[PDB]
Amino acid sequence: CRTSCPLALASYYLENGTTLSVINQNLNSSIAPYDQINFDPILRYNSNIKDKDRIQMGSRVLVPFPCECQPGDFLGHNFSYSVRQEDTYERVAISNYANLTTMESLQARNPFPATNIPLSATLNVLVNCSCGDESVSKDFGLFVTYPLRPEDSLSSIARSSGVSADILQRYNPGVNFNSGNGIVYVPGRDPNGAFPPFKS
């Protein structure tokens, strides 16, 4: 890959009861190790969360994760997911991983037929990321993998992210931010609120 970076952030939208523990379990990694006790690696990136044990539906939780060159020369990370009763590839993508992955991607990279994913199977779950693009800007080197929802628009994301609309669009060329689906990459902040710069 032409770029590299020490981490990316995943934007996980909260609905139907999701808890911080489930997020940390599903998105467990070396960068956010799940031990059920210490959620600091996640909470550092979400200073808005008042109570880690009662999180608020309708908000998004930012989760740090490793961003690695994948075969095929693109950036992403393989999470691991332990299958539970009634899980399906569709549900795992749209609910368990909050559209950070797709059902097609899960089906392609796991060997279980859709109608018989065994209990306690592990799935390999790919979530893509970005380390930035020097030709767009030197100012950003940390990116949020952001699944779009019907309520988002380019102006609404520019407003909340603190990044100009033109810059967001250039990082995501040709992509309609009002389309209500798919992902865009949005520059993100360190735990102290600063944007880490691009690093070649």
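Each residue number is its position in the shown sequence, starting from 1.
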Item checked: Higher-scoring stretch by recorded Cα B factor average, 159 to 167 or 25 to 33 -> 159 to 167
Checklist line | Which of 78 to 86 and 93 to 101 has higher mean CA B factor, as the PDB entry lists it | finding: 78 to 86
Notebook entry, point to check: Taking the Cα B-factors listed in the entry, which of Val63, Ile49, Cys67, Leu148 comes out highest?
Noted result: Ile49
Next item on the list: Taking the chain's C-alpha temperature factors as the reference, tell me which third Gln107 falls into: lowest, middle or highest.
Entry: middle
Notebook entry, point to check: Against its chain's modelled residues, does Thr18's Cα B factor rank lowest, middle or highest third?
Noted result: lowest
Next item on the list: Sort the modelled residues of this chain by their C-alpha B factor and say whether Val144 lands in the lowest, middle or highest third.
Entry: lowest
Item checked: Where the record places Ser11 (Cα B-factor, split into thirds across the chain) -> lowest
Note to self: Ranking every modelled residue in this chain by its Cα temperature factor as given in the entry, which third contains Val175?
What the structure shows: middle
